[PDB]
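Engineer: this one is an experimental structure. Sequence first:
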2 protein chains.
Amino acid sequence: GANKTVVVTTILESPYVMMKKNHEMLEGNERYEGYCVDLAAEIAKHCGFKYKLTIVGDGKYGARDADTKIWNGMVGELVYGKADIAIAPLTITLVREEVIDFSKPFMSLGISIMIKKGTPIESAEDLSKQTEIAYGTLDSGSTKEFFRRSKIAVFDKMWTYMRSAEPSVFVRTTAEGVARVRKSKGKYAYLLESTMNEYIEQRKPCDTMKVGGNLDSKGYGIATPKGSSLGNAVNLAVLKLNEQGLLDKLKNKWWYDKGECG
Amino acid sequence: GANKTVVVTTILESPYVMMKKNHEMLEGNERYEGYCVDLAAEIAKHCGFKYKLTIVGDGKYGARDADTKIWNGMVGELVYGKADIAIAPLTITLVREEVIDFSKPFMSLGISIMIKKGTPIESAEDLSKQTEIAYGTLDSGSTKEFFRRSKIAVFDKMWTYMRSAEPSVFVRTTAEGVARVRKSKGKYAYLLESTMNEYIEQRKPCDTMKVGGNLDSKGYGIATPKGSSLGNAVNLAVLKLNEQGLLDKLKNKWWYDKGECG
Ligand SMILES: N[C@H](Cc1nsnc1O)C(=O)O
Ligand SMILES: N[C@H](Cc1nsnc1O)C(=O)O
């Protein structure tokens, strides 16, 4: 049929998608700003379509509920036809690639450790060999899944501790993880993707630090329902943007150009 | 029909595919060793197929000849049905994705600068602002194409110089680029992918160094003829291997576990 407005599912995660300071006075797509808001614009331009940005209802990235077997988050929105595409920091994983399509990565990343400055921790091994400093991850997504599945000694040890720790060491959003690290006087370390970690490191009150090397290497991809016609065009659009140096500039724009820590 | 031996096209590039020291006494796939030889084995195991490794005839990665319009190298082998899959450090690019399929990346990289230790160069800008130290790239592939296409000031300036430099600053293979840097007393710098650069840095006589940050960010993908049935299984295989930490171990195995520079 004729062209139709493409429904984009995304998530409120700084600095990918954030509410403009004056969003209360705006409406539609203009309420949002950020790396993925800019990328969405570029993709639509190159693919030739108009779109409506919609924040995922449950605020989740996407996981298959072990109970109901129903996919939640942005992945779910695609799987059940609620949205036509996902433009956000959605990590490309095996379980997800089995149910939806992913474009080649538009950004790279790896699980990392975030500590309050001064915390005596330099690695995952360090965390696994102590109990005074608690640690956790987002309550769902590629990181939690990484630990739940891991057969690597150190990571499995970490998972055994995290899953049974009481009170919970898991958080609902990255913002909550960051807040916990900042208010825990170094007694809480947060495991999240290097990209968000690096961003937060340049935000006031500049009291957090990324320590150690990444535990893995992967990337974010633009997702579409399995078999979607839009998939191929989006993929080529992503590659073109990267080769034009456009993605690199968007990265600098939202991460370092306006860092608040010097 | 029934299963058939899968023809794998690859390229002799250390440490991805190298001739074993005693290859002269061996035959078939057993003549070769390296990261991609190991990856090929893992992919075949996970995808359930047997294969024959064959070194690309022209020794090229793959480019569309401006004259004949014919694709050469490994890309050509796929495009014309000479091979069923390419397992090598083949860079995922737009022009290539338009003619063949690529799995999600199995390794990340970026164009980098290789200098003989001591050379007064720390960046691409540095190179572009001087003439005493000549510089070049492989005579074909994603790096040369990066410069030929680039609209970025500094890189276009570099391309203008390189393309017209006499004698040629381009080389036929990475090995030739490395040799030129090592024998040029610092008067030649080589532009190649960070992965090969980092590998060479840990090889005797340990006289080369990677300097500056990468000029871009991209990845290597396993390639198959456009629409090939093998594509989907290979892609999932790649993701599974990465999530098992297998790719990380292969990287260490062939890059650092046996570095000869400490
Ligand atoms: N990219 C998210 C996971 C994530 N983002 S920041 N910290 C995390 O664990 C996913 O795709 O699940
Ligand atoms: N990966 C090659 C290019 C390359 N490899 S080492 N130095 C280079 O320029 C290609 O896919 O063309």
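Structural biologist: Everything's here; your move. Residues are numbered from 1 along each chain as shown, chains lettered A, B, ... in the order given. Ligands and ions are numbered 1, 2, ... in the order given.
Engineer: and the residue of the stretch 1-150 of chain A nearest ligand 2?
Structural biologist: Nearest to ligand 2 in the stretch 1-150 of chain A, going by Cβ to the nearest ligand atom, is residue A:104, at a distance of 14.2 Å. Just so you know, the C-beta spots here come from the backbone N, C-alpha and C atoms, and that holds for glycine as well.
Engineer: distance of that residue from chain B?
Structural biologist: To chain B, residue A:104 is 6 Å away according to Cβ to the nearest Cβ, to the nearest Å.
Engineer: how about residue A:175?
Structural biologist: Residue A:175 sits 27 Å away from chain B, going by Cβ to the nearest Cβ.
Engineer: now that residue: closest residue in space, sequence neighbours ignored.
Structural biologist: With sequence-adjacent residues excluded and distances taken as Cβ to Cβ, 6 or more residues apart in numbering or on different chains, residue A:175 is closest to residue A:14, at 7.6 Å.
Engineer: dig out what residue A:211 forms beta bridges with.
Structural biologist: For residue A:211, the beta-bridge partners under DSSP bridges are residue A:113.
Engineer: and the residue of the stretch 1-150 of chain A closest to ligand 2, that's in a strand?
Structural biologist: No. Remark: residue A:104 does not belong to a strand; assigned using DSSP: H, G, I helix; E, B strand; the rest coil, it is coil.
Engineer: show me what contacts the residue lying closest to residue A:196 once chain neighbours are set aside?
Structural biologist: Using Cβ to Cβ, 6+ apart and skipping the chain neighbours, the partner closest in space to residue A:196 is residue A:174 (5.3 Å). By Cβ atoms under 8 Å, 6 or more residues apart in numbering or on different chains, the residues touching residue A:174 are A:13-14, A:138, A:192, A:196.
Engineer: show me where the stretch 1-150 of chain A has its strands.
Structural biologist: A:6-10, A:18-19, A:32-33, A:51-55, A:85-86, A:100-102, A:107-109, A:111-116, A:134-136 (DSSP state E, counting those that start in this stretch).
Engineer: which of the ones you listed is buried the deepest?
Structural biologist: Mean neighbour count (mean count of other Cβ atoms under 10 Å in any protein chain shown) peaks for strand A:85-86 among those, with a mean of 28.
Engineer: elements contacting that strand?
Structural biologist: Applying 3 or more Cβ pairs under 8 Å, 6 or more residues apart in numbering or on different chains; DSSP states H and E, one finds that strand A:85-86 contacts strand A:6-10, helix A:73-79, strand A:223-225.
Engineer: CA-only coordinates of the longest one, as CSV, when you get a sec.
Structural biologist: Okay, so that is helix A:73-79. Listed next in CSV are the C-alpha coordinates belonging to helix A:73-79 (Å, rounded to 0.1, in the frame of the first residue of the first chain):
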residue,chain,number,x,y,z
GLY,A,73,10.0,-4.2,26.4
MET,A,74,11.0,-2.9,23.0
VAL,A,75,11.6,-6.4,21.7
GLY,A,76,8.0,-7.3,22.6
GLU,A,77,6.6,-4.2,20.8
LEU,A,78,8.2,-5.5,17.6
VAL,A,79,7.4,-9.2,18.1
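Engineer: might one say that residue A:109 is in contact with residue A:192?
Structural biologist: No. Counting by Cβ atoms under 8 Å, residue A:192 is not a contact partner of residue A:109; they are 9.7 Å apart.
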